[PDB]
Amino acid sequence: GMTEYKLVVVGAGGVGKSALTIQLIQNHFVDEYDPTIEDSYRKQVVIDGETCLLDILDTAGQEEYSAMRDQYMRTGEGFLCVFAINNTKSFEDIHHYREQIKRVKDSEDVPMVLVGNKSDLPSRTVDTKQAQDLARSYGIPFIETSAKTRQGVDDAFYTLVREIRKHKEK
Ligand SMILES: Nc1nc2c(ncn2[C@@H]2O[C@H](COP(=O)(O)OP(=O)(O)O)[C@@H](O)[C@H]2O)c(=O)[nH]1
Ligand SMILES: OC1CCN(C(=S)c2c[nH]c3ccccc23)CC1
Ligand SMILES: [Mg+2]
C-alpha cells in the first residue's frame, strides 16, 4: 500500500476541528456539526509528488474511557493543535494538549503544528505575534487558517505530514 499518515486534530470545543477536517476531506465548509461526534476520515492526496493516504481523527475531547484517548495518541503520528483566534481560553489550552500528547507518547519529538483558526473573523483576542512566540518555544510550525474560506487548510495538514516525514528519517 501507499504510505498512510495518521493525523490527529485536537483543541478545545468550538475551535473548528470538525470544520477544518471536513474542508480538507470534502472541500466544503460546514456551519454546524454536532460538537460531540468523534470520527475519522480517509482521503488519498498528493503531497510533494508523493501519492499517500491521510487518516485523520477529528477528536471530540473526553472519551467513554480514558484508555481510548491514550490509544489515539499513541497511534497518531502527528497532531494539529488547534485554537481559535477569537478564544483566548482555546489558546491557553494548547499547553495542556502539548503536554498530554508528549506524556502519552513518552517522547520529546512528536510532530505537531500549531493552528489558529477562524482567521476570517474580525473578532480577534489572540494576536499572530503571541501564537508565533508559542510556536517558537515549541519549535514547530504555526499557521493561521480559515475553515470557512479554506485559507491555510492544505498548508496545515500538509505541513503536518512534512513534519512526520522529518521525524521518520532520523
Ligand atoms: N467564521 C468561521 N467559523 C468557523 C470556522 N471554523 C469553524 N467555524 C464555526 O465555529 C463553530 C465550531 O466549529 P466546529 O467545527 O464544530 O468546532 P469543533 O468543536 O472544534 O469541532 C461552527 O459553527 C463552525 O461553523 C472558521 O474558520 N471561520
Ligand atoms: O476510539 C479512539 C478514537 C479512534 N481510535 C483511533 S487509534 C483512530 C482512528 N482513526 C485514527 C486516525 C489517526 C489516529 C488515530 C485514529 C482509537 C481510540
Ligand atoms: Mg467537532
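One is the number of the first residue; the rest follow in order along the sequence. Indexing begins at 1, ligand by ligand and atom by atom, following the structure's order.
- Looking only at protein heavy atoms, the nearest one to atom 17 (C) of ligand 2 is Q71 CG, 4.0 Å.
- Closest to atom 6 (N) of ligand 1, if we only count protein heavy atoms, is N117 ND2, 3.0 Å.
- Residue nearest to atom 4 (C) of ligand 1, selected from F83, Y33, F29: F29 (by heavy-atom distance).
- In terms of protein heavy-atom proximity, atom 12 (C) of ligand 1 is nearest to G14 O, 3.5 Å.
- Considering both main-chain and side-chain atoms, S119 never comes within under 3.5 Å of ligand 1 through any nitrogen or oxygen pair.
- Cluster annotation: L24 and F29 are assigned to distinct hydrophobic clusters (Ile/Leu/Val/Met/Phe/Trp/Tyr, side-chain heavy-atom contacts under 4.5 Å, transitive).
- Residue contacts with ligand 1: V30 is placed with a nitrogen or oxygen under 3.5 Å of a nitrogen or oxygen of the ligand (distance criterion only).
- Here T59 does not reach the Mg ion (ligand 3): none of its N/O/S atoms is less than 2.8 Å from the metal.
- Side chains of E50 and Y5: a donor-acceptor N/O pair is present below 3.5 angstrom, by distance only.
- Every atom of ligand 2 is numbered from 1 in the order shown, and the set under 4.0 Å from a heavy atom of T75 is 7 (S).
- Contact between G13 and ligand 1 is present, with at least one heavy atom of the residue lying under 4.0 Å from the ligand.
- Given atom 23 (O) of ligand 1, the protein heavy atom at minimum distance is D31 O, 2.9 Å.
- Residues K170 and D109 are paired through a salt bridge, judged by an N-O separation under 4.0 Å between the basic side chain and the carboxylate.
- At a heavy-atom distance under 4.0 Å, only side-chain atoms of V8, from C-beta outward, approach ligand 2.
- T51 and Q44 share no donor-acceptor pair across their side chains, judged by distance under 3.5 Å alone.
- Under a 4.0 Å criterion applied to the non-hydrogen atoms of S146, ligand 1 contributes the atoms 27 (O).
- By the 3.5 Å distance cut-off applied to N or O atoms, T145 is not counted among the residues near ligand 1.
- Residue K17 comes nearest to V10 through the heavy atom pair CD-C, 3.7 Å, listed as atom of the first residue, atom of the second, then distance.
- Under the 4.0 Å criterion applied to side-chain N and carboxylate O atoms, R69 and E64 are not assigned as salt-bridge partners.
- By the criterion of a heavy-atom distance under 4.0 Å, the side chain of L121, and not its backbone, is placed next to ligand 1.
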Please list, one pair per line, the donor and acceptor atoms closer than 3.5 Å that link side chains of residues 71-86 to other protein atoms, with sequence neighbours excluded.
residue	atom	partner	partner atom	Å
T75	OG1	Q71	O	2.7
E77	OE1	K6	N	2.7

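- Closest heavy-atom approach to atom 9 (C) of ligand 2 among the candidates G76, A60, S40: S40.
- Among protein heavy atoms, the minimum distance from atom 27 (O) of ligand 1 is reached at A147 N, 2.9 Å.
- When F79, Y41, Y72 are checked for heavy-atom proximity to atom 5 (N) of ligand 2, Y72 turns out nearest.
- In terms of polar-atom proximity, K118 is counted as a contact of ligand 1, with an N or O under 3.5 Å from an N or O of the ligand.
- Looking only at heavy atoms of the protein, atom 3 (C) of ligand 2 is closest to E38 OE2, 3.6 Å.
- Each of the atoms 20 (O) of ligand 1 lies under 4.0 Å from some heavy atom of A12.
- One finds the CE atom of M112 at 8.5 Å from the OH atom of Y138 (value rounded to the nearest 0.5 Å).
- Atom-to-atom distance recorded for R165:CZ and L160:CG is 11.0 Å, nearest 0.5 angstrom.
- With hydrogens left out, the protein atom closest to atom 17 (O) of ligand 1 is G16 N, 3.1 Å, a heavy atom.
- Partner of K43 under the side-chain contact (heavy atoms from CB on, under 4.5 Å) criterion, out of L53, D55, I56, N27: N27 alone.
- A salt bridge is defined here as a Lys NZ or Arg NE, NH1 or NH2 lying under 4.0 Å from an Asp or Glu carboxylate O, and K129 with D133 fails to meet this definition.
- When each atom of ligand 2 is checked for a heavy atom of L57 under 4.0 Å away, the hits are 3 (C), 11 (C), 12 (C), 13 (C).
- Protein heavy atom at the shortest distance from atom 28 (N) of ligand 1 is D120 OD1, 2.8 Å.
- Of the protein's non-hydrogen atoms, the one nearest atom 2 (C) of ligand 2 is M68 O, 3.8 Å.
- The closest side-chain heavy-atom distance from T21 to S18 is not below 4.5 Å.
- Looking at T88 and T125, their side chains do bring a donor and an acceptor atom within 3.5 Å of each other.
- Close N/O approach between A19 and ligand 1 is found [any backbone or side-chain N/O within under 3.5 Å].
- Linking ILVMFWY residues whenever their side-chain heavy atoms come closer than 4.5 Å, directly or via other members, places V153 and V113 in the same cluster.
- In this structure, a donor-acceptor pair under 3.5 Å is present between the side chains of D39 and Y33.
- Backbone and side-chain nitrogen or oxygen atoms of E32 are examined, and none is located within less than 3.5 angstrom of a nitrogen or oxygen of ligand 1.
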